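Here's the structure, in structure tokens; my notes come after.
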Amino acid sequence: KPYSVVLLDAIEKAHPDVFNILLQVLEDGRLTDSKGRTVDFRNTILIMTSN
Amino acid sequence: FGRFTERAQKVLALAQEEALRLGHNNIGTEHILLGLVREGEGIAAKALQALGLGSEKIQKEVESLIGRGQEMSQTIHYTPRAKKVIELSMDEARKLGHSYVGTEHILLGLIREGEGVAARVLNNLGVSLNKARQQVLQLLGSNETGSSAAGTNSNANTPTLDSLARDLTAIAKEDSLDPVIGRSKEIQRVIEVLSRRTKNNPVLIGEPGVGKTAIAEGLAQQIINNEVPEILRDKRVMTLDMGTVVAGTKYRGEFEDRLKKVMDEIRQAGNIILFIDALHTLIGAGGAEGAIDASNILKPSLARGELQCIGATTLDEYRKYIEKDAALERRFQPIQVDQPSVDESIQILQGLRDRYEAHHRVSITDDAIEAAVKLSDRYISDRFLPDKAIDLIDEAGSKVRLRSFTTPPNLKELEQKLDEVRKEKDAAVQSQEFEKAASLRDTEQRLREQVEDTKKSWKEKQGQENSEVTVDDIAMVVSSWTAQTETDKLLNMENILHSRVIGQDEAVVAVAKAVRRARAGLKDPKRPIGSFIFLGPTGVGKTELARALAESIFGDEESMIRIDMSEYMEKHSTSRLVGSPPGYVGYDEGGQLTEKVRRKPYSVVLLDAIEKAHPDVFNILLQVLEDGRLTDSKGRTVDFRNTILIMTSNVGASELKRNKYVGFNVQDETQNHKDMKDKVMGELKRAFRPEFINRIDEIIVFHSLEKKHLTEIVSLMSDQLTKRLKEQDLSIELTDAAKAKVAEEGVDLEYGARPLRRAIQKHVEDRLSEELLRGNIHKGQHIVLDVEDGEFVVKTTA
Amino acid sequence: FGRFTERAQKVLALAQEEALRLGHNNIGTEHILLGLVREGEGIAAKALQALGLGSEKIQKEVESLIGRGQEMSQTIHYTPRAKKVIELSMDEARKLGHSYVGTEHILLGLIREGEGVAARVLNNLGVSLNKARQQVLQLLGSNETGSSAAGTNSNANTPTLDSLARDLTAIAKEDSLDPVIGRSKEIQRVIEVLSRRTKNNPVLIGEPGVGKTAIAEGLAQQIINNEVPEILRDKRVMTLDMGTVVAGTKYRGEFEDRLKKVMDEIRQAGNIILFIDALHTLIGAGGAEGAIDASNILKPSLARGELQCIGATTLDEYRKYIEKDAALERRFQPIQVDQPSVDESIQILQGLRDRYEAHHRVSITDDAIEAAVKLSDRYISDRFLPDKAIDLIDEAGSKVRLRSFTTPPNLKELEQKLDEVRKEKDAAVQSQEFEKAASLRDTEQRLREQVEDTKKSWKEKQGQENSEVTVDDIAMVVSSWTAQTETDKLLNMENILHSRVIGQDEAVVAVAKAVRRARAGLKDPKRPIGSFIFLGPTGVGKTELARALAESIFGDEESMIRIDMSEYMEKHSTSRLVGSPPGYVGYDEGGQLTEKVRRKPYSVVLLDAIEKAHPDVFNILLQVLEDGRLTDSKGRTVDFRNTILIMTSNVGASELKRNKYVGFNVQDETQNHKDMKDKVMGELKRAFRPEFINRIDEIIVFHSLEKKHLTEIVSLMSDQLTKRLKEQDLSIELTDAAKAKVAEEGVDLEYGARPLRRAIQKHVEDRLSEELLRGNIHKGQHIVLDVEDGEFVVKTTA
């Protein structure tokens, strides 16, 4: 589903190495992982929460 | 048509003679018939004269078709009917055991094309069509050549040498056997392994897959005459050919039995050489495939020396024969067969050049082969060392042959018109609309000839191009994957690396030159072509330089591996990051670093954080950095030969983020510039172990911001923006007048160049987006968010 | 024409007699025919005399072909006709059970070759060709040779002896089968097991893979003549052999049924011995899957003692049958079967030397055997003791036999000319162009004879060379893989290790000589062939020698396993090499060390950092060094036989970094040498646990540099430099003058000479590359880094 709201809970609990992974989504809208597949975050709505 | 004998071609051209001589404006089958009977001593001709048809009898009929006649003789090339007679003759020559058509076949070919012009000519002059094909037939058949000798005259040998096989000795009595290639001093050295009788066995090791079999054919010749010992000129070479043995009964039992029979007859001892292909398989040693276990017979035979044999194994296979002892332990001994390394490569390429002279093309230039080879060897590189090369030569070795006619005067536009005509013409005659068709034809034939004259007028472009394939040509092609556009990749490296490394005159020139150094050939390929430390603050140029290198050196942006040594920290616990029984250095070696580079071994490896990751890891990267290889994953060597290892530290960052130490004039500030491109590479040495850095090609300093460098970061965020919308069908650009206005909102002393992305969102994107949705812009045009009055203004272009 | 009977050969040579005697310069089949009819009492001759053809009758026809004749008989040899007749005769002899082809067969061979010279001679002298072949057949061609009518006697034997199989009793009556090799006191120990019947089965345990079956053939003989029990007076040995049973039956159920029948005939009880070959497969136990569990029938049969059998199980399998219960051990019983150990090896070598005789270079010598054996044992060392051996003797046993006859004066160039002629000549002869062929033909045969004289001229080099396969020959050949020139790798070890080590004159000579000591024989082959501690700085000597040691002693740089013992501590592998429950000390025992070294037991095992490593690890390490083996991985034995265990140690570095300065003083430098080469082996001992490290052969201390060392280190860096660009197809060299200018940057009091790679990188690699990139040199010419005026100079020479 490259068509879904991705809700990434917390960002305090997202140490900067994870944040690089989120960052690739936030810029690129892609991650290359799993088997080397590029995951289309084109129409996702990435929502990273904080309190 | 086609490559043919005289005889074929001869009846056919004679056909054209009667075509125009009788006025038949297109050369029909009657003329093909005439061609046969008029060529006198052609096999067809002779037949027709038997059959009763002289030239006269045919020609009277021909003259009663078209007399003197239309000597205007429009389109005095064939008509399809006559052309069919030639294809048919072809089938009649295939039929008659002739590679190509002959006169005879054409007379046969007439018969084939029954209810055609020939056929009716013959049906008017009586002559039965099959009586004619007969007449020719009875002057053909019982084709035979050579075979003045056979077998082996030496044949005491009989029960073995019968079976099974062709035998190399037979084919060499009077040559009819290919060399093929070599590895020539190897043939002498194989016969060294083959004038032995417990090391009885040469065992040829190399990819199969090189054309190995040639070295074996070597032995045969030298065993005869005369540059190998008389005890091996007191030998016969008899081949065990696995293929003939398996056929028929088609069983493992049958295979063993025949092979056994050869082994028994060997009482011809000291005068017999056995060639055993796939010798390792017979021994069956090792693997999960026992193959066949001929080994039982082979082991005492090899050890006793009753069996003296020639072994064809493989790089690994000799081991998987030697592990059982006796066997190769009691037989085999390896011998050097090379799949071409680069110098050898060049020579193979050249040998196989000549056949894209099919394409009236390369054959040479030397400079072009060399470019093919060298540029490919070093950077992508994806393929094998001689195959890569020759292809590149060819890559360009067609491209330019295409520029011959791709661009001639590209009267393909002409042809486009001519279609519309044909239609118009045709459909007009169909409407009738007779003369209303006329002019449409006349316009048609106008067109036709116009095409054809200019499609071959760049035969002046043929005499220009048609086997040149120079350096530059090749480089452009090597670049298509990956000496013009390989030296443009090196020479214009600074330009390419700066365009994504935003700021950092410091970084760009150091990497650019270090890689460009490598990309020319003299930096360090038995290490990564550039091993590096990249110091500087993240996102200011860092990642972006790794990318820009991938593009220039290896192919595209993302021909760049990227491993975080910090995520598999090897100091991040069973409780702090990742797990698995073989944790973190094991995870990288056993997995990530080796696996990734094993996929593409000629990519930019970007190893994040290894300043403090774990000094044991630094030793592993240090082995990449020393050796240019890592041996992991059982014992695969993962080629860091033309990787670009980029290892970060980022402890220079601070000085670089003292942005020419911004605001401290523009004079001491621009004198800080040169200073940060100094200060960094020594804070590296203090915070990261030196051996790593010592087997690192150059120490890259990445500036950040200046006043100046900053505004390139503003333009990185805006340029990352402008690129991402085209995917959905929209081109936006923030014009430089506006990129300046956005940059106005990126200065404080209290902030880096990270906040820029968000402000690009606010000032470009948001500003444009609230203007398209209202319906002031049609999507799929080019949208500049520009400044034209000191404020943003959205203009549109295309 | 092969190795065949005289009688044949004689008719053939008699053809040659006719060659000159009638002047048929080259002998066709009429002369072969003549040969046949003229030998009188040869089966062919006799046949022809039946047909009415005396020598006269044939010769009359022959004489009417030529007569007398060019008695010169120009090229007084065979021609393709006669050679065919010989090839044919062989086939006509194949059919009559003659591989040693005789008189008849040639007359038969004539018949085959109809419409030929023989054939037409006979068709002129009114003798039909098949009546002639008839006549020969009805003399010799009804062979019944050496009749004995096989068998033994007996008829009860029918259910058993039908099946299955060639019985041992049969083959020993006329002694029709090879002994082969024992294990003689073992044959006695087996007959002991045939003097029992509730431990019935001797069970030969050993490699398969020895020629075990020889001991079994033993039994037959000792039961016959004559000292064998009262038991074995009436014993008969009848064989149960699986291979015939499985063939043509192809089902497990049916196979078992046939084995049951074999068990049944044993009712001759106390008169019969049954041989169960592969008794282990039948037991079908000890694995996780059987190999057909016949054991169920065999065990009670054995217990009852009606069956009493001869067993071949396997090394472990005898246990895994004796485990099965409860008369499963009343079957098997062990017998000692050896695959030749080294002393036995010598004897195997020698025994089959004489059988490699058709090489005239294997022939000889005692010393050559000794070399083969001894050299194999220490060097490769990857096979088994006699197989390794026999292969070396023979390796050398041609290598030099080829040097005998490498090229007889290489008039292969002559042949090349003779070719050019053939063509030239041929095509000229083809036109006529008569005298234009004349000189060309003449040039041909001129050439031809010229070739052959010099093609056989290193038969004078045979009377010079044609045997020599002594010690040194053998040594060279073992070195080819990897006494004299393999032991020159050990003796000249120091020279070899220094050239790929960072100076470390101390280290090099210590390892070199210590390994050379062991590899001579004395300094522990049970243990690692070198145990060592390498102290000093890493990458500045240590690792590099481990590689270089592998190269000289083992023949490959990277024949080096490499395990870190500190991970087996779990001290930087509690969080760094581990995650999930299984982890590192478990890796060391459980597989990593033991599996890797079992694969290559001829590798430098490089045990990293063993000072601060697990005290548990040291007990294991000590066991490797002392015992030479570890048993881990659930019963695998890892051969640290001709491994060189090299255990590294961080400590030492400082003194090693002190050097034997040219100047500083003179007092402390040449005493810093003495200080680092002494103090270091004591910094080891003070750092940790002695029991492991002292139970090592030698403590090797590694400099860093010795000032003295620098210009040797630069020339390793320079060799690393020059090679990696050859991969990309460029030749570069640093002159020694230029290697010198780089060396200036690693002189040093206390800083070693680790910096030298980097300083080559900056001043050479980088400098040449910064000159290559700028188009001074372009892709594929030679690049010299020179010093000419004391400064670097980039030169071009190609």
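Quick note on naming: the chains in the structure tokens go A, B, ... in the order shown, residues restart at 1 in each chain, and ligands are numbered from 1 in order of appearance.
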Residue contacts of residue B:490 (9 Å, only C-alpha atoms) excluding same-chain residues fewer than 4 positions away, as a PyMOL selection string: (chain B and resi 485-486+494+512-513+515-520+552-553) or (chain C and resi 773)
Just-selected residues, N, CA and C atoms written as a CSV table (one decimal), in the first residue's frame:
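The result, stored in selection_25.csv:
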```
chain,number,residue,atom,x,y,z
B,485,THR,N,33.7,10.7,-22.8
B,485,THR,CA,32.9,10.8,-21.6
B,485,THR,C,33.3,9.8,-20.6
B,486,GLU,N,34.6,9.4,-20.4
B,486,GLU,CA,35.1,8.8,-19.3
B,486,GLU,C,36.2,9.7,-18.7
B,494,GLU,N,34.9,17.7,-10.7
B,494,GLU,CA,34.7,18.8,-9.7
B,494,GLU,C,33.3,19.4,-9.9
B,512,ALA,N,36.8,15.0,-5.9
B,512,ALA,CA,36.8,15.2,-7.3
B,512,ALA,C,38.1,14.8,-7.8
B,513,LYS,N,39.2,15.4,-7.3
B,513,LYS,CA,40.6,15.1,-7.8
B,513,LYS,C,41.0,13.8,-7.4
B,515,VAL,N,39.3,10.9,-6.7
B,515,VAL,CA,38.6,10.0,-7.5
B,515,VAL,C,39.0,10.1,-9.0
B,516,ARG,N,39.1,11.3,-9.5
B,516,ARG,CA,39.5,11.7,-10.9
B,516,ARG,C,40.9,11.2,-11.2
B,517,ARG,N,41.8,11.1,-10.1
B,517,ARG,CA,43.1,10.6,-10.1
B,517,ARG,C,43.0,9.1,-10.4
B,518,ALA,N,42.2,8.5,-9.5
B,518,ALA,CA,41.8,7.1,-9.7
B,518,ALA,C,41.2,6.7,-11.0
B,519,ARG,N,40.2,7.5,-11.5
B,519,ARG,CA,39.4,7.4,-12.7
B,519,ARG,C,40.3,7.6,-13.9
B,520,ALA,N,41.6,7.9,-13.7
B,520,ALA,CA,42.5,8.1,-14.8
B,520,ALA,C,43.5,6.9,-14.7
B,552,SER,N,29.1,9.6,-11.4
B,552,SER,CA,30.1,9.9,-12.4
B,552,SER,C,31.0,8.7,-12.6
B,553,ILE,N,31.4,8.0,-11.5
B,553,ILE,CA,32.3,6.9,-11.7
B,553,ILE,C,31.7,5.7,-12.1
C,773,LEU,N,45.6,12.3,-15.1
C,773,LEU,CA,44.3,12.9,-15.2
C,773,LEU,C,44.3,14.1,-16.1
```
After fitting chain B to chain C over every Cα pair taken in order, the RMSD: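 C-alpha RMSD after least-squares superposition: 2.0 Å.
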Stretch 561-634 of chain B: residues DSSP assigns to strand (DSSP E), reported as a PyMOL selection string: chain B and resi 561-564+604-608+629-632
Would you mind listing, for every residue of chain B within 10 Å of chain A, the two atoms forming the shortest contact and the distance between them in Å to one decimal, using only C-alpha atoms, sorted by chain and ascending residue number, as a tab-separated table?
```
residue	atom	partner	partner_atom	distance
B:564	CA	A:17	CA	8.9
B:566	CA	A:17	CA	8.1
B:567	CA	A:17	CA	7.0
B:717	CA	A:27	CA	9.5
B:720	CA	A:27	CA	8.0
B:721	CA	A:27	CA	9.0
B:724	CA	A:28	CA	8.3
B:727	CA	A:42	CA	9.6
B:728	CA	A:42	CA	9.4
B:757	CA	A:27	CA	9.1
```
Residues near residue C:391, cut-off 12 Å, only C-alpha atoms, skip fewer than 2 positions along chain, as a PyMOL selection string: (chain B and resi 193-194+196-202+302-305+322+325-334) or (chain C and resi 345+348-349+352-353+356+362+368-369+371-373+375-376+380+383-389+393-398+474-475+477-478+480-481)
Restrict the selected residues to C-alpha atoms and save them as a PDB file, in the first residue's frame.
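Written file, out_7.pdb:
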```pdb
ATOM      1  CA  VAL B 193      51.767 -33.549 -17.056  1.00  0.00           C
ATOM      2  CA  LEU B 194      51.300 -36.196 -19.804  1.00  0.00           C
ATOM      3  CA  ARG B 196      54.108 -39.070 -16.514  1.00  0.00           C
ATOM      4  CA  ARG B 197      52.330 -42.101 -15.238  1.00  0.00           C
ATOM      5  CA  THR B 198      51.141 -41.290 -11.762  1.00  0.00           C
ATOM      6  CA  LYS B 199      51.096 -37.666 -12.374  1.00  0.00           C
ATOM      7  CA  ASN B 200      49.872 -39.217 -15.583  1.00  0.00           C
ATOM      8  CA  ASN B 201      47.126 -36.769 -15.625  1.00  0.00           C
ATOM      9  CA  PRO B 202      47.122 -33.147 -16.526  1.00  0.00           C
ATOM     10  CA  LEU B 302      46.133 -43.904 -12.292  1.00  0.00           C
ATOM     11  CA  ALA B 303      48.294 -45.109  -9.360  1.00  0.00           C
ATOM     12  CA  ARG B 304      49.695 -48.069 -11.339  1.00  0.00           C
ATOM     13  CA  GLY B 305      50.105 -45.803 -14.334  1.00  0.00           C
ATOM     14  CA  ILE B 322      42.173 -34.672  -5.033  1.00  0.00           C
ATOM     15  CA  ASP B 325      43.334 -40.062  -2.423  1.00  0.00           C
ATOM     16  CA  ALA B 326      44.226 -42.110  -4.574  1.00  0.00           C
ATOM     17  CA  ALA B 327      42.553 -40.251  -7.397  1.00  0.00           C
ATOM     18  CA  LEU B 328      43.840 -36.776  -8.385  1.00  0.00           C
ATOM     19  CA  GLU B 329      46.100 -37.219  -5.466  1.00  0.00           C
ATOM     20  CA  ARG B 330      47.383 -40.156  -7.509  1.00  0.00           C
ATOM     21  CA  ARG B 331      46.835 -38.408 -10.882  1.00  0.00           C
ATOM     22  CA  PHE B 332      45.936 -34.729 -11.356  1.00  0.00           C
ATOM     23  CA  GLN B 333      48.194 -31.690 -11.214  1.00  0.00           C
ATOM     24  CA  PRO B 334      46.907 -28.346 -12.209  1.00  0.00           C
TER      25      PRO B 334
ATOM     26  CA  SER C 345      54.224 -44.688   0.891  1.00  0.00           C
ATOM     27  CA  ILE C 348      54.015 -47.930  -2.992  1.00  0.00           C
ATOM     28  CA  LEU C 349      55.901 -45.360  -5.090  1.00  0.00           C
ATOM     29  CA  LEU C 352      54.521 -48.845  -9.445  1.00  0.00           C
ATOM     30  CA  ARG C 353      57.568 -46.885 -10.771  1.00  0.00           C
ATOM     31  CA  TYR C 356      55.337 -45.585 -15.538  1.00  0.00           C
ATOM     32  CA  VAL C 362      60.003 -42.546 -14.041  1.00  0.00           C
ATOM     33  CA  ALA C 368      63.319 -39.334  -6.045  1.00  0.00           C
ATOM     34  CA  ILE C 369      60.798 -41.508  -4.203  1.00  0.00           C
ATOM     35  CA  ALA C 371      61.676 -36.643  -2.088  1.00  0.00           C
ATOM     36  CA  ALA C 372      58.154 -37.341  -3.375  1.00  0.00           C
ATOM     37  CA  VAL C 373      57.138 -38.850  -0.058  1.00  0.00           C
ATOM     38  CA  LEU C 375      58.205 -33.349   0.509  1.00  0.00           C
ATOM     39  CA  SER C 376      54.580 -34.248   0.051  1.00  0.00           C
ATOM     40  CA  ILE C 380      50.760 -30.481   0.325  1.00  0.00           C
ATOM     41  CA  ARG C 383      45.995 -35.310  -0.041  1.00  0.00           C
ATOM     42  CA  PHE C 384      47.151 -38.754   1.226  1.00  0.00           C
ATOM     43  CA  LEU C 385      50.742 -39.850   1.809  1.00  0.00           C
ATOM     44  CA  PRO C 386      51.549 -42.164  -1.209  1.00  0.00           C
ATOM     45  CA  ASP C 387      49.204 -40.559  -3.699  1.00  0.00           C
ATOM     46  CA  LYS C 388      50.756 -37.116  -3.015  1.00  0.00           C
ATOM     47  CA  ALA C 389      54.136 -38.792  -3.307  1.00  0.00           C
ATOM     48  CA  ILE C 393      57.911 -38.318  -8.630  1.00  0.00           C
ATOM     49  CA  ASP C 394      55.898 -38.467 -11.804  1.00  0.00           C
ATOM     50  CA  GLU C 395      55.442 -34.628 -11.898  1.00  0.00           C
ATOM     51  CA  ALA C 396      59.187 -34.408 -12.201  1.00  0.00           C
ATOM     52  CA  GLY C 397      59.034 -37.583 -14.246  1.00  0.00           C
ATOM     53  CA  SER C 398      58.102 -35.788 -17.386  1.00  0.00           C
ATOM     54  CA  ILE C 474      60.811 -33.847  -7.424  1.00  0.00           C
ATOM     55  CA  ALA C 475      61.394 -30.798  -5.284  1.00  0.00           C
ATOM     56  CA  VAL C 477      57.585 -30.158  -9.010  1.00  0.00           C
ATOM     57  CA  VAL C 478      56.324 -30.003  -5.433  1.00  0.00           C
ATOM     58  CA  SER C 480      55.164 -26.150  -8.821  1.00  0.00           C
ATOM     59  CA  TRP C 481      52.158 -27.141  -6.734  1.00  0.00           C
TER      60      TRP C 481
END
```
Shell of 6 Å around stretch 269-274 of chain C, only C-alpha atoms, local chain residues under 5 positions omitted, as a list in words: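 Close residues of stretch 269-274 of chain C: residues 234, 235, 236, 237, 238, 239, 306, 308 and 309 of chain C.
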Keeping only C-alpha atoms, take the residues you just selected and write them out as a short mmCIF file (atom, residue, chain, number, x, y, z; two decimals), in the first residue's frame.
```cif
data_model
loop_
_atom_site.label_atom_id
_atom_site.label_comp_id
_atom_site.auth_asym_id
_atom_site.auth_seq_id
_atom_site.Cartn_x
_atom_site.Cartn_y
_atom_site.Cartn_z
CA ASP C 234 36.10 -78.14 4.80
CA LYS C 235 35.59 -74.39 4.42
CA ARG C 236 34.52 -72.97 1.09
CA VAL C 237 34.35 -69.23 0.47
CA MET C 238 31.27 -68.12 -1.46
CA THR C 239 30.70 -64.44 -2.21
CA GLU C 306 25.17 -71.58 9.93
CA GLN C 308 29.79 -67.43 9.14
CA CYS C 309 30.97 -64.57 7.14
#
```
For residue B:46: contacts at 10 Å, only C-alpha atoms, fewer than 5 positions along chain excluded, given as a list in words: residues 36, 37, 38, 39, 40, 41, 51, 52, 53, 54, 103, 104, 135, 136 and 139 of chain B
Same residues, N, CA and C atoms, saved as a PDB file, in the first residue's frame:
```
ATOM      1  N   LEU B  36      18.249 -20.304 -68.255  1.00  0.00           N
ATOM      2  CA  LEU B  36      18.730 -21.631 -68.118  1.00  0.00           C
ATOM      3  C   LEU B  36      19.096 -22.192 -69.437  1.00  0.00           C
ATOM      4  N   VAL B  37      18.197 -22.129 -70.429  1.00  0.00           N
ATOM      5  CA  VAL B  37      18.437 -22.757 -71.698  1.00  0.00           C
ATOM      6  C   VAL B  37      19.453 -22.033 -72.564  1.00  0.00           C
ATOM      7  N   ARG B  38      19.781 -20.769 -72.212  1.00  0.00           N
ATOM      8  CA  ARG B  38      20.621 -19.878 -72.981  1.00  0.00           C
ATOM      9  C   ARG B  38      22.006 -19.812 -72.446  1.00  0.00           C
ATOM     10  N   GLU B  39      22.248 -20.376 -71.252  1.00  0.00           N
ATOM     11  CA  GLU B  39      23.573 -20.361 -70.687  1.00  0.00           C
ATOM     12  C   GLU B  39      24.355 -21.581 -71.098  1.00  0.00           C
ATOM     13  N   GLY B  40      23.750 -22.485 -71.911  1.00  0.00           N
ATOM     14  CA  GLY B  40      24.476 -23.464 -72.685  1.00  0.00           C
ATOM     15  C   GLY B  40      24.905 -24.661 -71.893  1.00  0.00           C
ATOM     16  N   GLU B  41      25.941 -24.474 -71.046  1.00  0.00           N
ATOM     17  CA  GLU B  41      26.624 -25.526 -70.347  1.00  0.00           C
ATOM     18  C   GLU B  41      26.339 -25.473 -68.881  1.00  0.00           C
ATOM     19  N   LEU B  51      16.120 -32.383 -72.739  1.00  0.00           N
ATOM     20  CA  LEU B  51      14.691 -32.245 -72.652  1.00  0.00           C
ATOM     21  C   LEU B  51      14.105 -31.747 -73.965  1.00  0.00           C
ATOM     22  N   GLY B  52      14.966 -31.226 -74.879  1.00  0.00           N
ATOM     23  CA  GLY B  52      14.636 -30.829 -76.226  1.00  0.00           C
ATOM     24  C   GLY B  52      14.593 -29.347 -76.419  1.00  0.00           C
ATOM     25  N   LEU B  53      14.543 -28.567 -75.323  1.00  0.00           N
ATOM     26  CA  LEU B  53      14.456 -27.140 -75.390  1.00  0.00           C
ATOM     27  C   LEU B  53      15.824 -26.585 -75.560  1.00  0.00           C
ATOM     28  N   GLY B  54      16.035 -25.946 -76.721  1.00  0.00           N
ATOM     29  CA  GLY B  54      17.169 -25.128 -77.000  1.00  0.00           C
ATOM     30  C   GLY B  54      16.666 -23.763 -76.677  1.00  0.00           C
ATOM     31  N   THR B 103      22.384 -23.445 -61.382  1.00  0.00           N
ATOM     32  CA  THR B 103      21.634 -23.340 -62.608  1.00  0.00           C
ATOM     33  C   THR B 103      20.525 -24.320 -62.592  1.00  0.00           C
ATOM     34  N   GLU B 104      20.872 -25.541 -62.148  1.00  0.00           N
ATOM     35  CA  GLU B 104      20.075 -26.717 -62.107  1.00  0.00           C
ATOM     36  C   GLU B 104      18.865 -26.474 -61.291  1.00  0.00           C
ATOM     37  N   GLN B 135      15.174 -34.165 -65.603  1.00  0.00           N
ATOM     38  CA  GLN B 135      16.291 -33.920 -66.466  1.00  0.00           C
ATOM     39  C   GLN B 135      17.480 -33.274 -65.780  1.00  0.00           C
ATOM     40  N   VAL B 136      17.237 -32.226 -64.951  1.00  0.00           N
ATOM     41  CA  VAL B 136      18.224 -31.611 -64.082  1.00  0.00           C
ATOM     42  C   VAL B 136      18.741 -32.513 -62.994  1.00  0.00           C
ATOM     43  N   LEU B 139      21.489 -35.103 -63.347  1.00  0.00           N
ATOM     44  CA  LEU B 139      22.797 -34.526 -63.587  1.00  0.00           C
ATOM     45  C   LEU B 139      23.346 -34.096 -62.257  1.00  0.00           C
TER      46      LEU B 139
END
```
